[PDB]
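Before any questions on binding or motion, here is one chain by itself as structure tokens, the form solved without the DNA.
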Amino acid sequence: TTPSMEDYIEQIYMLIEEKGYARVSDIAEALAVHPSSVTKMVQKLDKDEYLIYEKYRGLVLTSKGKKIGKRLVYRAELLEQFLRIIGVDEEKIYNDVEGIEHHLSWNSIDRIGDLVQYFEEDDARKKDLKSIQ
């Protein structure tokens, strides 16, 4: 998966979970992309077997698509939590995560996860960190 591919699967996952389906119109709006570009990507993902097209619904995710999707959602969520814990401007967190999410090994994600846990279990660690700012 490329960065674009990962953003599409993650965005299709978010849509099924929150609403109940993925149509190309919703993808185009959400991702800030042209509708025909979504078509060419849906093709790639279908052939690479990340998704199926159901007839009177829209895009459904395969078994593989859903495993990848949930992993992508988790990663984005953790990175946001991480930048929020460390004190990054709220306005900047989403732009940072949008870019950095594709360029970290899972080993880094594993370790960022442990770092989040470190701060979550003792509030005094967070206060100490914030005193340095």
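The first residue of the shown sequence is 1; numbering continues from there.
| query | Where do the C-alpha atoms have the higher mean temperature factor in this entry, in 12-20 or in 114-122? | reply | Per the PDB record, 12-20.
| Where do the C-alpha atoms have the higher mean temperature factor in this entry, in 83-91 or in 37-45? | So the stretch with the higher mean C-alpha B-factor is 37-45.
| said: According to the Cα B-factor stored in this entry, which of the following is highest: 97, 59, 68, 78? | reply: Comparing C-alpha B-factors across 97, 59, 68, 78, the maximum falls on 59.
| message | Is residue 64 in the lowest, middle or highest third of its chain when residues are ranked by C-alpha B-factor? | response | For residue 64, whose C-alpha B-factor we compare with every modelled residue in the chain, the answer is the middle third.
| field | Record-listed C-alpha B factor of residue 50: chain third | value | Middle third, going by the recorded CA B-factors of the chain.
| field | Third assignment of residue 27 from its chain's C-alpha B-factors | value | Answer is middle: the recorded C-alpha B-factor places it there.
Heads up, the form deposited with the DNA bound isn't pictured, but that's what we're talking about next.
| said: Within 4.5 Å of the DNA in the entry with it bound - does that hold for a heavy atom of every one of 21, 37 and 55? | reply: Looking in the entry with it bound, the three residues 21, 37 and 55 all sit within 4.5 Å of the DNA (heavy atoms).
| in the entry with it bound, which of the stretches 80-88, 28-36, 94-102, 64-72 has residues with heavy atoms within 4.5 Å of the DNA? | That would be stretch 28-36.
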